[PDB]
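What follows is a single structure, written as structure tokens, with notes after it.
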Amino acid sequence: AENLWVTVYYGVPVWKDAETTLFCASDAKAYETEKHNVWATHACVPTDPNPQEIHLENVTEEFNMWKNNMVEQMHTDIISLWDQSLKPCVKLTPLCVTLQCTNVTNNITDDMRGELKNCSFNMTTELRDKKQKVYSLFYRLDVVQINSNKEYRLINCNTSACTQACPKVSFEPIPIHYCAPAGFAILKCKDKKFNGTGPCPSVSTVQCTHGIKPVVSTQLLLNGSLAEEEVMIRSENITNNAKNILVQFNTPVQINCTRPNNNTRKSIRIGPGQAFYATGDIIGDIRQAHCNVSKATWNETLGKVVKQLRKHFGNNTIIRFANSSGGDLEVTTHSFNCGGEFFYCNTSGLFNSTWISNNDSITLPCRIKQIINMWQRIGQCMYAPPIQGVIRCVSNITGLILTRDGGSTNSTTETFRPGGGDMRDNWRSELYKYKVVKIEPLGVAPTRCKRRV
Amino acid sequence: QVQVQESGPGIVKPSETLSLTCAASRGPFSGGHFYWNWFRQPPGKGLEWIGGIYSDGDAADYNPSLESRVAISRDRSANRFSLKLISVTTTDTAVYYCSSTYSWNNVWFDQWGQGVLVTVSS
Amino acid sequence: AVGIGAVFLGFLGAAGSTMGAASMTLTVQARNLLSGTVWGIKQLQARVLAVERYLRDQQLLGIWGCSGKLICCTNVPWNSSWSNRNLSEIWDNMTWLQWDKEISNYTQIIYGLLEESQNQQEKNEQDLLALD
Amino acid sequence: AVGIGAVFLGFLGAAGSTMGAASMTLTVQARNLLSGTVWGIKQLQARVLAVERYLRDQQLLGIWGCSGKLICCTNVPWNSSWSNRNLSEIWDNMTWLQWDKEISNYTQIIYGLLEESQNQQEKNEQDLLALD
Amino acid sequence: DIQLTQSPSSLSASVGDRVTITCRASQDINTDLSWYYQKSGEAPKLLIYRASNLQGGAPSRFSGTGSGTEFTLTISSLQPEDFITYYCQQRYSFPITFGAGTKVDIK
Amino acid sequence: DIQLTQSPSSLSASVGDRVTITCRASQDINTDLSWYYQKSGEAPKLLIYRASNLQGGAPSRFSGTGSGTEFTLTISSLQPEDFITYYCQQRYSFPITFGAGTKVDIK
Ligand SMILES: *[C@@H]1O[C@H](CO)[C@@H](O[C@@H]2O[C@H](CO)[C@@H](O[C@@H]3O[C@H](CO[C@H]4O[C@H](CO)[C@@H](O)[C@H](O)[C@@H]4O)[C@@H](O)[C@H](O[C@H]4O[C@H](CO)[C@@H](O)[C@H](O)[C@@H]4O[C@H]4O[C@H](CO)[C@@H](O)[C@H](O)[C@@H]4O)[C@@H]3O)[C@H](O)[C@H]2NC(C)=O)[C@H](O)[C@H]1NC(C)=O
Ligand SMILES: *[C@@H]1O[C@H](CO)[C@@H](O[C@@H]2O[C@H](CO)[C@@H](O[C@@H]3O[C@H](CO[C@H]4O[C@H](CO)[C@@H](O)[C@H](O)[C@@H]4O)[C@@H](O)[C@H](O[C@H]4O[C@H](CO)[C@@H](O)[C@H](O)[C@@H]4O)[C@@H]3O)[C@H](O)[C@H]2NC(C)=O)[C@H](O)[C@H]1NC(C)=O
Ligand SMILES: *[C@@H]1O[C@H](CO)[C@@H](O[C@@H]2O[C@H](CO)[C@@H](O[C@@H]3O[C@H](CO)[C@@H](O)[C@H](O[C@H]4O[C@H](CO)[C@@H](O)[C@H](O)[C@@H]4O)[C@@H]3O)[C@H](O)[C@H]2NC(C)=O)[C@H](O)[C@H]1NC(C)=O
Ligand SMILES: *[C@@H]1O[C@H](CO)[C@@H](O[C@@H]2O[C@H](CO)[C@@H](O[C@@H]3O[C@H](CO)[C@@H](O)[C@H](O)[C@@H]3O)[C@H](O)[C@H]2NC(C)=O)[C@H](O)[C@H]1NC(C)=O
Ligand SMILES: *[C@@H]1O[C@H](CO)[C@@H](O[C@@H]2O[C@H](CO)[C@@H](O[C@@H]3O[C@H](CO)[C@@H](O)[C@H](O)[C@@H]3O)[C@H](O)[C@H]2NC(C)=O)[C@H](O)[C@H]1NC(C)=O
Ligand SMILES: *[C@@H]1O[C@H](CO)[C@@H](O[C@@H]2O[C@H](CO)[C@@H](O[C@@H]3O[C@H](CO)[C@@H](O)[C@H](O)[C@@H]3O)[C@H](O)[C@H]2NC(C)=O)[C@H](O)[C@H]1NC(C)=O
Ligand SMILES: *[C@@H]1O[C@H](CO)[C@@H](O[C@@H]2O[C@H](CO)[C@@H](O[C@@H]3O[C@H](CO)[C@@H](O)[C@H](O)[C@@H]3O)[C@H](O)[C@H]2NC(C)=O)[C@H](O)[C@H]1NC(C)=O
Ligand SMILES: *[C@@H]1O[C@H](CO)[C@@H](O[C@@H]2O[C@H](CO)[C@@H](O[C@@H]3O[C@H](CO)[C@@H](O)[C@H](O)[C@@H]3O)[C@H](O)[C@H]2NC(C)=O)[C@H](O)[C@H]1NC(C)=O
Ligand SMILES: *[C@@H]1O[C@H](CO)[C@@H](O[C@@H]2O[C@H](CO)[C@@H](O[C@@H]3O[C@H](CO)[C@@H](O)[C@H](O)[C@@H]3O)[C@H](O)[C@H]2NC(C)=O)[C@H](O)[C@H]1NC(C)=O
Ligand SMILES: *[C@@H]1O[C@H](CO)[C@@H](O[C@@H]2O[C@H](CO)[C@@H](O[C@@H]3O[C@H](CO)[C@@H](O)[C@H](O)[C@@H]3O)[C@H](O)[C@H]2NC(C)=O)[C@H](O)[C@H]1NC(C)=O
Ligand SMILES: *[C@@H]1O[C@H](CO)[C@@H](O[C@@H]2O[C@H](CO)[C@@H](O[C@@H]3O[C@H](CO)[C@@H](O)[C@H](O)[C@@H]3O)[C@H](O)[C@H]2NC(C)=O)[C@H](O)[C@H]1NC(C)=O
Ligand SMILES: *[C@@H]1O[C@H](CO)[C@@H](O[C@@H]2O[C@H](CO)[C@@H](O)[C@H](O)[C@H]2NC(C)=O)[C@H](O)[C@H]1NC(C)=O
Ligand SMILES: *[C@@H]1O[C@H](CO)[C@@H](O[C@@H]2O[C@H](CO)[C@@H](O)[C@H](O)[C@H]2NC(C)=O)[C@H](O)[C@H]1NC(C)=O
Ligand SMILES: *[C@@H]1O[C@H](CO)[C@@H](O)[C@H](O)[C@H]1NC(C)=O
Ligand SMILES: *[C@@H]1O[C@H](CO)[C@@H](O)[C@H](O)[C@H]1NC(C)=O
Ligand SMILES: *[C@@H]1O[C@H](CO)[C@@H](O)[C@H](O)[C@H]1NC(C)=O
Ligand SMILES: *[C@@H]1O[C@H](CO)[C@@H](O)[C@H](O)[C@H]1NC(C)=O
Ligand SMILES: *[C@@H]1O[C@H](CO)[C@@H](O)[C@H](O)[C@H]1NC(C)=O
Ligand SMILES: *[C@@H]1O[C@H](CO)[C@@H](O)[C@H](O)[C@H]1NC(C)=O
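Chains as they are written, first to last, in the numbering used here: chain A, 882 to 1334; chain B, 13 to 134; chain C, 13 to 144; chain D, 13 to 144; chain E, 32 to 138; chain F, 32 to 138.
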């Protein structure tokens, strides 16, 4: 009995952690028509209904979202998909040429003085012998002066030439799902107060994550998830001043953006099978596009956020909000996309308040841009064709990104400013409750039994 | 092999509110849809039904007898559930049991309980 | 009907019990291994990886002379130099992960002994059958 | 400790000994068959071909009813036509490579005999177990 | 809703005898019923699952048959521990009705 | 150097007697030790390896035990072949040392 011999088992439930390539999965509903869109191509296998969830008990596991994989992976995938979609479209090389430009005095309000320019130039036709004279309109933030007479040139001409966007394509995001192949498992921590790093006792396993909607924004987050208990704050090392802070809300807030102006369209021929789209004529009075939010909602939400934040820097402290410090036009202002357009809104009127110890609507203006270089790359620009008719969309605000400014001694006061700029954090705000593990079926143990001859 | 227990106060007085709680363990099986039922044994009869509830949702289905007084809630934190009764009266003289049911491969075990005296008198 | 639900036995979720109870439920896991332009290339890599992983385990089980079963005995004698404790505690209060981290260092030798043991067994049996 | 190195028993280097010794070291060689944008395709093809080869010879061994074992006897008698010789010289002096070269002509003839022998044997014993 | 009738409603069956208990529903319930057995000092338990089907693990001493609104359970012998109350319960649309309770006494 | 003491220096006993020999170290060496046996005219060989592992081919009557600075060899039943000399050798850091040597005699 005391003496014993080794024994072998198979299919033992033990696992470790590693990394591997994931794959996609899309709802069949999207497969129903809608053949034109940057994402949501048909290669994704159709999903399956009635997902199942298995509960575990007596387990405890450590999570660390800061040093997490499968973030850069989907970042790279998104960039590659964008580049692939953009490939087959006409080029825009011949437009680099001197222009003759003037103002536009058509009952413009005083705030728009010099914000539209009427320009004309020469351009070759299909037959290489002839040339023709054409004209168009432009915004101030796309043309530059060089040196009486008046002349102007494009802004990207000396840097690079880039492709005009194809006409029929859709930028609307849709839900997507991530799934792992056989021989791997995906674990989720269901604790409703887990602060993003450390132990977690309540765990479960799944095969495919819930829906995800890729969105591009800065200084805010739109159409995210909603917490369940209260506003939560997350960070790597809150004591350090060089790391951003993510704030996730408990309830949503509503926002309305609109461009009341009206536009038409026109087409021009450049060469064999080469078309070009240009702005037409305006019909009536013109006004600046703008956005609205409520007042009381914002007030109470800020109050709750301050109250929650107070639990780290002592109750005897002062808080002051300040606008963006300053810099280039891409981080200093909140940029977003709605209906195939790009706005740039000045958020000076939202972080202007102070807090000490113990039906009106806020309206803000925006501006329009037509040449874009996103993902902070160089040598790759785009052209956005104009659209006809007014536009208006509505969305939800769900999260904020803040950065604490430096201080001196204990001045019983602190300041925060909006930050951001890197799109990694936007992905990181979602995939902080998922881990990937690998199985190890073999096993060995001693046993009193002995093999028979 | 699940073990289910109940508790409660002494002899409550009529015109007051009674409360009770029950705890059950998932035990051997990993994932399922355990169902819970509440019953009482008044003297001189058989069993009387006091409703039931699933283990996945707080929605409670009651019984025809006293629907304006019953209040059943599910405690997700500890896999528990509470049964409360307003306008208590001496008519509630009984021994209360807390039962649960699986559906294990067409066997349908049950672990009815042990009982607890919940009589009412001033 | 009105109270009858469904209670199945799922994927790996018994990893919170003693060293012994878990072994009663193993078969299920064994039956879940071979389940079956840049946006679609990686699937081929995944499939190749999966099949290679399965084949490696099949071969390794084949060599040790225990293929076709889930519980197999052998002849190599255990040595207390590798580990301590007695049968009671080991099979009453422990978890598979704890054992894994316990025996991590001394694995290659334990693997190695089995094949030479099997080779001696086979060689002796061959002559036992061939002598007549 | 100090003053002791490390000895292994590696790859094909044992392929110059006599008939007898080499068959001791079979297992290791058998273990070394499944080791693990235009460059990926060719290596993927190579891996696929290796897996296919392994599956092919595994199946071929399986047909002859000797699966899971490194040695297996069979009923087909040995005709003296192919090479008379005698047991002592073949099992003492001849090496593997020269033997393979010298019996390289009559492989296909040999395979069919094993196949049919197994088929007939299984068919015969089926009736015996059927009448049971 | 649905009402049932159990017979013998009050029988003091002498120990060591074959005893039969009949339960008849009011309206047809197809085949949806179960039988339970209970005694004081403990809680109720199940003796027959599905009625027509025999409960898994129940003693072979008890057997059951029936259909519709008529079912009958036969016990090959009355054990000392079998002097208990039996209930036929319909597993059909709401509400849920239980057996009247046929206590088996000693004589 | 690491001094190793063998006890007894010499011994005389009849055949079949149960006997013990001890090797003590100057300082702690853990269990990097071994025991060799020799007779005059024949090359020495290792009888016991590591003081815990039985060398292949040796009779089971020999047993080795101990650790640290104390190690023991026990013969349950002496034999005529067991009347030989023994040496405890240390496979530790340099240099290398050997025991004084103990002899077994027939009385
Ligand atoms: C965060 O989440 C919020 C909430 O979901 C989201 O706001 C919603 O965004 C979606 C997607 O853009 C909005 O849906 C769009 O709504 C308008 C109008 O379409 C609606 O109304 C018309 C008229 O009743 C209906 O026919 C239509 O089915 C919709 O109900 C447009 O932006 C889009 O509609 C297209 O189709 C209409 C069909 O009539 C056209 O009239 C319209 O011009 C649009 O173009 C279509 O035709 C073009 C050819 O002429 C073609 O090129 C286009 O591809 C397209 O087919 C679209 O339905 C929804 O209304 C928003 N909800 C609210 C309350 O405002 C936010 O967008 C999201 N955040 C971000 C940053 O995206
Ligand atoms: C942005 O810059 C562009 C640069 O091209 C300007 O475009 C030109 O603007 C002028 C002035 O509005 C346009 O002239 C208009 O042309 C149309 C047809 O008139 C033509 O034919 C008549 C008869 O032969 C000529 O007299 C006339 O000069 C034109 O050649 C009509 O829209 C207008 O005609 C009206 O006035 C004329 C008298 O001037 C009358 O004879 C007509 O009956 C009628 O009442 C007007 O003359 C010119 O065509 C535009 N060129 C192009 C290529 O479009 C934009 O005006 C400037 N500002 C914007 C867009 O706001
Ligand atoms: C931006 O914020 C607004 C305000 O909160 C938000 O509107 C809310 O949306 C949620 C989520 O869609 C709604 O809650 C659930 O949503 C769906 C609706 O089908 C269901 O999960 C739930 O509905 C149940 O009841 C319906 C009865 O008609 C059934 O059809 C359905 O099957 C479910 O049983 C549930 O409503 C929430 O009600 C609205 N609130 C409103 C309109 O006041 C909006 O969705 C946010 N934006 C985005 C993009 O999410
Ligand atoms: C499109 O190309 C045509 C043809 O080159 C340009 O018209 C020409 O512009 C030049 C430069 O201004 C003019 O040169 C000089 O103009 C004056 C006229 O009094 C005088 O100094 C000389 O006679 C000399 O020609 C030229 O006249 C003019 N030609 C014509 C036929 O009008 C035109 O400017 C280009 N348009 C655009 C929008 O780039
Ligand atoms: C998180 O941020 C805090 C600061 O907000 C870091 O605390 C400080 O970290 C520094 C750098 O590692 C430590 O080094 C040195 O300590 C002494 C005393 O201050 C002095 O030589 C230097 O000024 C320097 O700071 C320091 O001890 C430590 N504590 C304090 C009070 O400054 C912290 O390390 C950051 N991250 C982590 C993971 O802890
Ligand atoms: C964001 O809020 C601003 C400020 O309230 C809104 O502007 C206001 O919008 C209303 C409703 O369209 C305008 O009323 C209109 O005025 C004239 C008559 O005076 C006429 O166009 C209509 O009959 C209507 O009454 C109002 O003038 C306008 N300005 C102000 C200062 O209130 C804006 O519409 C809001 N944006 C969105 C997208 O809701
Ligand atoms: C952003 O635009 C939305 C959509 O117009 C605005 O919400 C809408 O506000 C109007 C005016 O109050 C609501 O219409 C009427 O109001 C009351 C209920 O508030 C009631 O008499 C009727 O039901 C009627 O609809 C309209 O319901 C409401 N839209 C909803 C609830 O979907 C919103 O106010 C705008 N944002 C801001 C900050 O003003
Ligand atoms: C964030 O907030 C600060 C503080 O409000 C903004 O600073 C503002 O910067 C502009 C541009 O320099 C200042 O305009 C200046 O006004 C007077 C006119 O006599 C004079 O100093 C200069 O000629 C210049 O025009 C503006 O006054 C200043 N605001 C304040 C309150 O001092 C900053 O621009 C804001 N940043 C963003 C990105 O919105
Ligand atoms: C974002 O919008 C805010 C809205 O307040 C702008 O802040 C305002 O900016 C002006 C200068 O543009 C500040 O100065 C005022 O304007 C002129 C020149 O300075 C003059 O009339 C006055 O002396 C006055 O200072 C103005 O104070 C400031 N508003 C507040 C409440 O401080 C801000 O400039 C906008 N940011 C960008 C980048 O456009
Ligand atoms: C950021 O918050 C500050 C503090 O509330 C705002 O400054 C305040 O702005 C209003 C509107 O311009 C000032 O009212 C002005 O006061 C005097 C007369 O008392 C005169 O300049 C004007 O007739 C007007 O009524 C108010 O005094 C001023 N408060 C200060 C400086 O303490 C600021 O406008 C906010 N920024 C934004 C973009 O909303
Ligand atoms: C932006 O401006 C354009 C140009 O003014 C607007 O299009 C115009 O929409 C009106 C809507 O009543 C059209 O009127 C009717 O159109 C048809 C014939 O096209 C017919 O039913 C009637 O005879 C009447 O004219 C008008 O034709 C149309 N104009 C053009 C040039 O297409 C457009 O509606 C404006 N967008 C918004 C959002 O208001
Ligand atoms: C037309 O646009 C030009 C710029 O292209 C305007 O020129 C400037 O206008 C501002 C605002 O009135 C003045 O302060 C500047 O002095 C003007 N000159 C420069 C060099 O910036 C011009 O005012 C606009 N209007 C007209 C009628 O030409
Ligand atoms: C998130 O919670 C963790 C766990 O409480 C916090 O980090 C812990 O800090 C304590 C005190 O220094 C250490 O003893 C623990 O070892 C830390 N655990 C981990 C997992 O880091 C962490 O600070 C919290 N984060 C924020 C932003 O508040
Ligand atoms: C968890 O641990 C407890 C205490 O040892 C044990 O009784 C139970 O069976 C374990 N497993 C569970 C609750 O699944
Ligand atoms: C500008 O105002 C004039 C004078 O009222 C009017 O005739 C003309 O149509 C207006 N133009 C636009 C584009 O609103
Ligand atoms: C916000 O609400 C508080 C009370 O919670 C009130 O004192 C204050 O005036 C409101 N407005 C702002 C801008 O804080
Ligand atoms: C803030 O007040 C809370 C009230 O619960 C107290 O616990 C905490 O110590 C206080 N912190 C300070 C004064 O920094
Ligand atoms: C196992 O050994 C431990 C430690 O000495 C002891 O407490 C326990 O009783 C032993 N159990 C047995 C021999 O079953
Ligand atoms: C094998 O046969 C050869 C050739 O006849 C002969 O020389 C040799 O001795 C034989 N060896 C045996 C019988 O072992």
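Each residue gets a CB set at the ideal place from its N, CA and C atoms; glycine is no exception.
Coarse secondary structure for residue i, derived from DSSP in three states
| i | result |
| --- | --- |
| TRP51 (chain C) | helix |
| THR37 (chain C) | coil |
| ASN98 (chain D) | coil |
| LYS1014 (chain A) | strand |
Bridge partners - residue i, DSSP secondary structure assignment
| i | result |
| --- | --- |
| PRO1327 (chain A) | A:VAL887 |
| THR107 (chain D) | Partner(s): none; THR107 (chain D) has no beta bridge. |
| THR96 (chain F) | F:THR103 |
| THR1294 (chain A) | A:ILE1199 |
Status (buried if at least 16 other CB within 10 Å, exposed otherwise) for residue i
| i | result |
| --- | --- |
| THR1214 (chain A) | buried |
| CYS84 (chain D) | exposed |
| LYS1316 (chain A) | buried |
Option in the options with minimal Cα separation from residue i
| i | options | result |
| --- | --- | --- |
| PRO1054 (chain A) | A:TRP963, A:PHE1065, A:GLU1321 | A:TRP963 |
| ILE1199 (chain A) | A:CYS1172, A:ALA1177, A:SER1292 | A:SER1292 |
| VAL88 (chain C) | C:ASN98, C:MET31, C:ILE122 | C:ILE122 |
| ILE989 (chain A) | A:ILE1163, A:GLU943, A:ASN1118, A:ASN1173 | A:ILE1163 |
| residue 873 (chain A) | A:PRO1153, A:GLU1117, A:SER1041, A:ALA909 | Here chain A comprises residues numbered 882 to 1334, so residue 873 (chain A) is not present and cannot be evaluated. |
At least three beta-carbon pairs within less than 8 Å, the segment 43-54 of chain E to the segment 129-138 of chain E
yes
The segment 18-27 of chain C touching the segment 35-54 of chain C, judged by at least three CB pairs closer than 8 Å:
yes
Contact between the segment 989-1005 of chain A and the segment 1151-1167 of chain A (3+ Cβ pairs under 8 Å):
yes
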